Amino acid sequence: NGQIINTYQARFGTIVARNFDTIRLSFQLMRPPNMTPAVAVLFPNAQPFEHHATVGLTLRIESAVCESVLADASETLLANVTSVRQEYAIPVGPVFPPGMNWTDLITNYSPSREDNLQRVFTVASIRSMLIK
Amino acid sequence: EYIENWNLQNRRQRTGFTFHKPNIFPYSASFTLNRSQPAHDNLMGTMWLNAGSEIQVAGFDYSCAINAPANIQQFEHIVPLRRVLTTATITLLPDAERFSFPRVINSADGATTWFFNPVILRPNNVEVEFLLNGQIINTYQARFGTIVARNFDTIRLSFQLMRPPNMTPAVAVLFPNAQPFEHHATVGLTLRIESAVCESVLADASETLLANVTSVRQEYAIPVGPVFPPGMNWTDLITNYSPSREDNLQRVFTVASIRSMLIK
Amino acid sequence: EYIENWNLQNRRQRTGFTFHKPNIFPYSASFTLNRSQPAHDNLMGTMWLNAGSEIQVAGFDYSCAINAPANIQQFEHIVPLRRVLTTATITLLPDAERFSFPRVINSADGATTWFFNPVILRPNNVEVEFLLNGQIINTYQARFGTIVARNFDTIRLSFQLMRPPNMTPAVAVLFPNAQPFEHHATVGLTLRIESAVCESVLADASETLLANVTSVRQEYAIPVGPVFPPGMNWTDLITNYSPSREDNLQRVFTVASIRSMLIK
Amino acid sequence: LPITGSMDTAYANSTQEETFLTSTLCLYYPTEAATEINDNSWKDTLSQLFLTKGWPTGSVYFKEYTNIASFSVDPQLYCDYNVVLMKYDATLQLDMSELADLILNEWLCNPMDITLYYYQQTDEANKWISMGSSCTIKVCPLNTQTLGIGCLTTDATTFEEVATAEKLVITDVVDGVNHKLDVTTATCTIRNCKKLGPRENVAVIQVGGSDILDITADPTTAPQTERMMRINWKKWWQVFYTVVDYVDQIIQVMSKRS
Amino acid sequence: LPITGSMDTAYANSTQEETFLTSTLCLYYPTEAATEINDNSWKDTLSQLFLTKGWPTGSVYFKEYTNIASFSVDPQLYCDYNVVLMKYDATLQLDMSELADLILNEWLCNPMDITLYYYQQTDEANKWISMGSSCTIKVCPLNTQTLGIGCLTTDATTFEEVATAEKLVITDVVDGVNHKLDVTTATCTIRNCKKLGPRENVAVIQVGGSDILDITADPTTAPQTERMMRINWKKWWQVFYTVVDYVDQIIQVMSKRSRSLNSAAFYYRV
Amino acid sequence: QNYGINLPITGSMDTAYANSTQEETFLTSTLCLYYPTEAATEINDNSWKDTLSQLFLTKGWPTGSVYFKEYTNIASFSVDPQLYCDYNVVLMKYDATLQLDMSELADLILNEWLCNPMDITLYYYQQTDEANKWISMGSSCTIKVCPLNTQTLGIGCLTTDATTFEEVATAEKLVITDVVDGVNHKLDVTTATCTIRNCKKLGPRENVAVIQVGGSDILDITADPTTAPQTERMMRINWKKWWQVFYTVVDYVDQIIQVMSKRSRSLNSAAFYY
Amino acid sequence: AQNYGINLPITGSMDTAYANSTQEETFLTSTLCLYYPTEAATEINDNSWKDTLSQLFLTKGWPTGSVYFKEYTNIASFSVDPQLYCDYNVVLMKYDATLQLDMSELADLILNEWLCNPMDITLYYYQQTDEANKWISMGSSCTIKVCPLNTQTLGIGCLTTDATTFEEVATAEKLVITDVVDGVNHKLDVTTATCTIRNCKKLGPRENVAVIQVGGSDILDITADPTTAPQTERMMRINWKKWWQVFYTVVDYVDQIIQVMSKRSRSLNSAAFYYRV
Ligand SMILES: CC(=O)N[C@@H]1[C@@H](O)[C@H](O)[C@@H](CO)O[C@H]1O
Ligand SMILES: CC(=O)N[C@@H]1[C@@H](O)[C@H](O)[C@@H](CO)O[C@H]1O
Ligand SMILES: CC(=O)N[C@@H]1[C@@H](O)[C@H](O)[C@@H](CO)O[C@H]1O
Ligand SMILES: [Ca+2]
Ligand SMILES: [Ca+2]
Ligand SMILES: [Ca+2]
Ligand SMILES: [Ca+2]
Ligand SMILES: [Ca+2]
Ligand SMILES: [Ca+2]
Ligand SMILES: [Ca+2]
Ligand SMILES: [Ca+2]
Ligand SMILES: [Zn+2]
């Protein structure tokens, strides 16, 4: 809600984020003040830059507790729902995206779609208990 | 009403709080320049005031569509809501009154100021759409007065400025073909939600429950906790209206209704 | 209240519905030119906005009564109501805010447009009369703030524009004796019915019953019948408010109140 | 007769093309223009250039005048729209103000018999407009007893003249004071005209110079309306082409006679 | 002291009669008017015409000048409402603006010393007004070292000449720079003056010509104020009659003068 | 549009009026103005540029940022468009005979003109709207124009000879020819000394501040008679000596520069040749 | 169609479909100019070789009036005032061996956008702010003499009044691009009768022009910086025996020469209020 819950300044490896719904990455590119002759030929003062400075970060959520239903790399419930909806050639209804597109389902994740997704995932968990 | 909706939401059934002029809009007075330059003498875009239950929007063009195709400039203003309103009576009037007098306005970066001298045309081709999940629930084409919107969480106002093809000599001196525009064409709308039924708790002009909550929290000098904004800022509370904050707000409003029954 | 008034009108006794800002006025934004010409540079007459519970009227003269007798131009605006309001608290303010900024306005036939650059004088000699069957029930002479009107079905506003006999040099350049008037004298009033007791059913800013009726009629895609306007247009419903339409509206509002008791 | 109308009715389409197909405009150019023009068929040339811009072939007429003083005696202005190419001369400072006071304003008028009666201004609005070949107005005031204020009523030399040898005079003397005036009435006719308002069927294009036109009577207002225009004029052909090009804007700041 | 007036107060009656009957009015005309009028007692005739308009029997004063140059050597504006009638000359392009600058603005003025001290200008409000029979002003800037830039401190030929042979000069020069002066002291009298606000009992009536008068020496504004009118002439009788019968609209564009001075000059007060 | 031109900006109406940048405005930029030769003749100093440049150094500017450029008259200044530095102010002396030429100079300099050259001996030309004009510059060129019928015959002239053509410009440096927009035109321009081109008017060049030294306002910098808009950067003062004029400019440079903006500076000249 | 001087951040997706070929419309719309030395038109021996080439450009895709031909006498006289007009420019210049700074200064003007301020030598002492500030002088005969001052306005190795004690960085040259040390106020002795010198700032490269060096080795040092000698995409060189091979090569490879250049970034409407010409 715009309030800084957790902050991490120049700390890599595994971090923890206790409660959040927005991730703000603020990194900066600093020109190196001391450069060997192998580096000083890369960055001239003039216009032709054949080598472009680039600075990156990678942020991978390994595990998280969410109050709403989602999909992940552990369960197969979304796969069961899509397998049942694709096996029997089901027309596109009013709520779910055509073809059960998870990108279009989590892009516009409305509460009615949340309720439908939780109900159908619960029934998928029940059938995954019985049917292997 | 609050203990009825408490008992119905304790069993997960549908509820409705009836509000008279609900404070569903956070305070957002700003603008947008679709056409701009550092001279600020030929501008184009919208301005708006979202406050309480009232949207006042005004799209302006300095050229009065003298080079637009078919002398028509299309404006658009999309207001997303935070909670889904239901069965809302809405007074829709043309000619937004606040953006109709000359004013000087700071720029986007706050560096310089620019002047705004409006003359008011009527809004041609008003289309007010009430969107729920991107679907058009209600639409109104050039109809003013009291309108109704049965189920919506987005309000889309689509009005356009048309240059008048026949002008008397008192009007033709206002809008030249050249650059110096001392009179700027401006077209406005006003949309005021008089009463609405919302499933979540809000504040409005009828109840005093938010006033009781803030009076108790300010009388006893209470530290800022993890959920509510500092000083119980309703603009910051409805700007980021999370479901945990919704649950806290409903619980504290129910207790405020109980105390307002006992303590006058 | 609705089932009490149902049972009292089922025996033909007097009833009263208490409304907060009743929608007694149909949407009527128009004007009247008492003095006009195709040049549209010396005009005289009234403009008004009747919307919801609010009348905003403004009489303008371009000459500022420079040739009127005793430098006084009399304006008048008569609003007939559709149903007889009773015990109405009314906020009467001067200086109608909507008709106080420059605007361009289409003509009566819609052919050409004319420019309106107002400067605002205060309303001299305000007389607000509340007529019932042509008889003056209440009258108010130059009294603003909150007024009361006990029994009325016509509101007659009689304000006049008087040219100021003493003017500083900043004012004397605005109103010449000759023809080019770049600043036009304009005098306004605002009349807002805050609350009123009406024997017939209406809509207002407090209840949501009209919103429930329109939500049920729009949710299930209902064809237009013989009585109600298409789309439940309240402006067209209160413009021609026949007694059969009154009976249908009262019955459907009573059933809407019943369902609003059960369904939130 | 109150004329009412709604404020959300539709804008009608551009009836500029019908105004071009119906109306009849005529520009009034000086004679020294026609000296510098040097053509026998420039009238047909310009009228075909007007035909390009929507006016039909029998709608545009070309009338002359010698100078501002010769045009000041009886300008007729019989067309639907009128523009005059009022050429600036810096020596005549008030003559252009006289001519634009005449043509741009409506003058409801009455005649004046100088021998029989005595005359005065009823309000600010009326003036003594006198037209003719040579107008020599001589006004002497009278008090409430009809005695001469600073003159003798039987002596014409002690009269206090306000104009001499002028074609078009618009005389202003004091409002509430009675007067007796002397005119050489063989070459000049005077009459008292009130101005009702402006003429919307005439425009003035000041050829060169600066904004000089005090068409109002008092010193306190010198307003510049929409139909008092000004150009800069090296050659005439540039500004004939300017009028033919921007006729869609010049007719826009004017109105039909009826 | 703050005044707190209500908005719904009644408009008082027209007090132009109490303004006419309890105040004065001066008309200034050049002597070319006095030689084109050609009458001995036309002041009587004109004042009896003013008497119709409500002005009393002797409450309108007439005072002459020869030209704009000889009126600007000392404009002593006598009475409560002052109209000046100024004939346009194309060669007198700036000096007419000098006179209209001096008589339409309030100025705070003290005398200046040139041989002993030298002066600078604080802001755009103060200027250097100099009046007299001939004012040849030659000025040079200085610096913190008090040496002349582009000139010589001793040599008067190397100075920078802003005005010569002129009756009334209002020198504008840059602010925050020290300036050394060369004024003919035995003829010209110089003073620096801060422009407070507008002198407001004066109507300049440019009799002929075009509106040129740039009062504010800032080029970015050319304020055509309310009391700066322009009539065009053929005979003067037209101009005098126009001033007589539009006298209410010419007192209306003025107000009462509101400034307490200390010089205590002569006034033609009722 | 590779500078974010299709995208809209979003202001906020309640930003705290951050800082004042009049001194940064007056620091790295350049202000040069054009004065006539008669000015420096009456000035008759050899180093008045030093005097004025120190007085500009008083008013916030650094020293090496003010340049002085002469011109003979308004005719010999209009032989080419030359607008050198960041901030420009131009000082014209009024003359009643040079009436259109001042308006032509202000019409070129104040506005922006996107221009394409014209080939008069080969092709036929017309004007598309109000913005299209025919700007012709050179030492001396007489422009003789004749309109054409819709079947290519001369309206009131004869296209084979040049005598029956209608002249609009006789021996003048810089013409902005305005003809009627419908018909095509046959042209006689003496191209040995001239260069004619068509030019659209744009959003105007927001820097150049015309300072009219003497006279009254004359600058009709539009084409129609309807509008003569005296905009921000057409100022006028009166003169008796030039030293008063230059001291007025140096004093009120703080007021003059705040009426213009250096963001509308082009690269080299004032003709926007394609 | 707006927001002309703001520099807004765009946001483009990496899944947008590639647009169509656009090359035929570029050939139909824009214009091309080809600048050749007069020794070419001497060795060509034709009056109507312009029409022969223009019909070959018609084969390549351009219309008849879209390819303009202008010429120059030598590299020194082309370098007096290079004003390069149309939408796409490519210049052919022969390697004279004895002149090597002339071609590098020529391509330093032509292949770069120069924002230039005027100068007055009699009044001011001029220092260079940083590296992109150069002093570019052009005219009939430029002879530039520089005098370095100290921090007290006293010349270092040069008397401020004497002009023979000054030292020259160029004499009798048409165009001179002068680079001196940054931060030191300098006095100049340019012959201002036949030469105008201007205070220039290299904004970036010029996007509409290529330079084809007809004969002779790789010599082009654009950036007046000893460490970098950049070889950009538009410093092409070919070897010649006859000119007809050069003209048939530039006509055959229009689709490569127009490809390695672009439209000029300043000349667009989108660069409205960033130094548009
Ligand atoms: C709109 C109107 O007044 N009538 C016609 C209309 O029938 C036609 O469709 C329109 C085309 O733009 O042109 C108008 O003149
Ligand atoms: C006849 C009469 O009642 N006279 C009053 C007068 O007493 C009052 O002072 C004046 C204000 O202008 O208004 C008049 O109408
Ligand atoms: C009009 C256009 O540009 N689009 C075409 C597209 O329709 C076609 O399928 C494709 C084939 O490669 O080539 C594109 O240029
Ligand atoms: Ca007499
Ligand atoms: Ca009179
Ligand atoms: Ca000197
Ligand atoms: Ca000063
Ligand atoms: Ca001819
Ligand atoms: Ca044209
Ligand atoms: Ca040396
Ligand atoms: Ca360097
Ligand atoms: Zn309420």
# chains A, B, ... in the order shown; residues from 1 in each chain; ligands from 1

call {"tool": "closest_atom_pairs", "arguments": {"of": "chain B", "to": "chain A", "cutoff": "10 Å", "atoms": "only C-alpha atoms", "output": "CSV"}}
result
residue,atom,partner,partner_atom,distance
B:133,CA,A:110,CA,7.3
B:134,CA,A:108,CA,9.7
B:226,CA,A:3,CA,9.5
B:227,CA,A:1,CA,9.2
B:229,CA,A:3,CA,9.5
B:236,CA,A:1,CA,8.9
B:237,CA,A:1,CA,9.0
B:239,CA,A:1,CA,8.4
B:240,CA,A:1,CA,5.3
B:241,CA,A:1,CA,7.9
B:242,CA,A:1,CA,7.4
B:245,CA,A:1,CA,9.8

call {"tool": "write_last_selection", "arguments": {"atoms": "N, CA, C and O atoms", "output": "CSV table (one decimal), in the first residue's frame"}}
result
chain,number,residue,atom,x,y,z
B,133,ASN,N,-15.6,-5.1,-15.2
B,133,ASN,CA,-14.6,-6.0,-15.7
B,133,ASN,C,-14.4,-5.8,-17.2
B,133,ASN,O,-14.2,-6.8,-18.0
B,134,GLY,N,-14.4,-4.6,-17.7
B,134,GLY,CA,-14.2,-4.3,-19.1
B,134,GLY,C,-15.4,-4.4,-19.9
B,134,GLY,O,-15.4,-4.0,-21.1
B,226,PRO,N,0.1,-0.6,11.9
B,226,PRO,CA,0.6,-1.2,10.7
B,226,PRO,C,-0.4,-1.1,9.5
B,226,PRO,O,0.0,-1.2,8.3
B,227,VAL,N,-1.7,-0.9,9.8
B,227,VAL,CA,-2.7,-1.0,8.7
B,227,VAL,C,-3.1,0.4,8.2
B,227,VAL,O,-3.0,0.7,7.1
B,229,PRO,N,-3.6,4.5,7.6
B,229,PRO,CA,-2.7,5.6,7.3
B,229,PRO,C,-2.5,6.5,8.5
B,229,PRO,O,-3.3,6.5,9.4
B,236,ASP,N,-5.6,8.5,1.5
B,236,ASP,CA,-4.6,7.4,1.4
B,236,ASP,C,-5.2,6.1,1.8
B,236,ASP,O,-4.6,5.1,1.6
B,237,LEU,N,-6.4,6.1,2.5
B,237,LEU,CA,-7.0,4.9,2.8
B,237,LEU,C,-7.8,4.3,1.7
B,237,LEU,O,-7.9,3.1,1.5
B,239,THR,N,-7.1,5.3,-1.5
B,239,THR,CA,-6.2,5.1,-2.6
B,239,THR,C,-5.6,3.7,-2.7
B,239,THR,O,-5.6,3.1,-3.8
B,240,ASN,N,-5.2,3.1,-1.6
B,240,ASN,CA,-4.8,1.8,-1.4
B,240,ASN,C,-5.7,1.1,-0.5
B,240,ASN,O,-5.4,1.0,0.7
B,241,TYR,N,-6.8,0.5,-1.0
B,241,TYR,CA,-7.9,0.0,-0.2
B,241,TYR,C,-7.8,-1.5,-0.2
B,241,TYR,O,-8.5,-2.2,-0.9
B,242,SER,N,-6.8,-2.1,0.6
B,242,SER,CA,-6.5,-3.5,0.6
B,242,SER,C,-7.6,-4.2,1.3
B,242,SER,O,-8.3,-3.6,2.1
B,245,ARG,N,-7.2,-4.0,5.1
B,245,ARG,CA,-7.6,-2.7,5.5
B,245,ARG,C,-9.1,-2.6,5.4
B,245,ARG,O,-9.8,-1.9,6.3

call {"tool": "residues_around", "arguments": {"residues": "residue 10 (chain F)", "least_positions_apart": "3", "cutoff": "8 Å", "atoms": "only C-alpha atoms", "output": "PDB file with C-alpha atoms, in the first residue's frame"}}
result
ATOM      1  CA  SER B  30      -4.477  16.946 -11.888  1.00  0.00           C
ATOM      2  CA  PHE B  31      -4.387  17.267 -15.677  1.00  0.00           C
ATOM      3  CA  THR B  32      -3.003  15.737 -18.872  1.00  0.00           C
ATOM      4  CA  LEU B  33      -1.485  17.495 -21.896  1.00  0.00           C
ATOM      5  CA  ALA B 108       4.080  18.648 -14.933  1.00  0.00           C
TER       6      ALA B 108
END

call {"tool": "residues_around", "arguments": {"residues": "residue 207 (chain E)", "least_positions_apart": "2", "cutoff": "6 Å", "atoms": "only C-alpha atoms", "output": "PyMOL selection string"}}
result
chain E and resi 86-87+205+230-232

call {"tool": "residues_near_ligand", "arguments": {"ligand": "ligand 7", "cutoff": "12 Å", "atoms": "only C-alpha atoms and all ligand atoms", "output": "JSON, numbers by chain"}}
result
{"E": [120, 121, 122, 123, 124, 125, 126, 127, 128, 170, 171, 172, 173, 174, 175, 176, 177, 178, 179, 192, 193, 194, 195, 216, 217, 218], "F": [55, 59, 244, 245, 246, 247, 248, 249, 250, 251, 252, 253, 254, 255]}

call {"tool": "residues_near_ligand", "arguments": {"ligand": "ligand 9", "cutoff": "6 Å", "atoms": "only C-alpha atoms and all ligand atoms", "output": "PyMOL selection string"}}
result
(chain D and resi 245) or (chain F and resi 127+130+178-181)

call {"tool": "residues_near_ligand", "arguments": {"ligand": "ligand 12", "cutoff": "8 Å", "atoms": "only C-alpha atoms and all ligand atoms", "output": "MDAnalysis selection string"}}
result
(chainID B and resid 20:21 194 205:206) or (chainID C and resid 20:21 194 205:206)

call {"tool": "write_last_selection", "arguments": {"atoms": "C-alpha atoms", "output": "short mmCIF file (atom, residue, chain, number, x, y, z; two decimals), in the first residue's frame"}}
result
data_model
loop_
_atom_site.label_atom_id
_atom_site.label_comp_id
_atom_site.auth_asym_id
_atom_site.auth_seq_id
_atom_site.Cartn_x
_atom_site.Cartn_y
_atom_site.Cartn_z
CA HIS B 20 -25.71 9.02 0.35
CA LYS B 21 -22.88 10.65 -1.66
CA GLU B 194 -25.97 10.96 -5.22
CA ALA B 205 -22.03 12.61 3.76
CA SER B 206 -24.76 10.91 5.83
CA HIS C 20 -33.85 15.05 0.84
CA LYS C 21 -33.12 17.06 -2.35
CA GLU C 194 -32.78 20.85 0.45
CA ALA C 205 -30.53 11.93 -3.32
CA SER C 206 -31.34 9.84 -0.21
#

call {"tool": "select_by_dssp", "arguments": {"residues": "region 2-197 of chain C", "states": "strand (DSSP E)", "output": "ChimeraX atom specification"}}
result
/C:17-20,25-33,44-52,54-61,72-74,77-94,103-106,113-116,118-120,124-132,135-141,145-162,184-197

call {"tool": "interface_residues", "arguments": {"of": "chain D", "to": "chain E", "cutoff": "8 Å", "atoms": "only C-alpha atoms", "output": "list in words"}}
result
residues 93, 94, 149, 150, 160, 161, 162, 163, 171, 172, 173, 174, 175, 176, 177, 210, 211, 212, 214, 218, 219, 220, 221 and 222 of chain D

call {"tool": "select_by_dssp", "arguments": {"residues": "region 43-104 of chain D", "states": "helix (DSSP H, G or I)", "output": "list in words"}}
result
residues 43, 44, 45, 46, 47, 48, 49, 50, 51, 52, 68, 69, 70, 71, 72, 95, 96, 97, 98, 99, 100, 101, 102 and 103 of chain D

call {"tool": "residues_near_ligand", "arguments": {"ligand": "ligand 3", "cutoff": "12 Å", "atoms": "only C-alpha atoms and all ligand atoms", "output": "ChimeraX atom specification"}}
result
/G:17-25

call {"tool": "decode", "arguments": {"residues": "region 230-243 of chain D", "atoms": "C-alpha atoms", "output": "mmCIF file, in the first residue's frame"}}
result
data_model
loop_
_atom_site.group_PDB
_atom_site.id
_atom_site.type_symbol
_atom_site.label_atom_id
_atom_site.label_comp_id
_atom_site.auth_asym_id
_atom_site.auth_seq_id
_atom_site.Cartn_x
_atom_site.Cartn_y
_atom_site.Cartn_z
ATOM 1 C CA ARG D 230 -5.967 47.398 -41.619
ATOM 2 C CA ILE D 231 -3.394 46.291 -44.209
ATOM 3 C CA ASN D 232 0.093 47.542 -45.084
ATOM 4 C CA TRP D 233 0.113 47.908 -48.902
ATOM 5 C CA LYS D 234 3.266 48.012 -50.984
ATOM 6 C CA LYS D 235 1.465 47.359 -54.294
ATOM 7 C CA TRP D 236 -2.281 47.136 -54.853
ATOM 8 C CA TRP D 237 -2.310 43.671 -56.465
ATOM 9 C CA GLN D 238 -1.061 42.100 -53.248
ATOM 10 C CA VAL D 239 -4.064 43.438 -51.362
ATOM 11 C CA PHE D 240 -6.657 42.791 -54.079
ATOM 12 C CA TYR D 241 -5.420 39.197 -53.889
ATOM 13 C CA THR D 242 -5.577 39.450 -50.080
ATOM 14 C CA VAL D 243 -9.266 40.435 -50.236
#
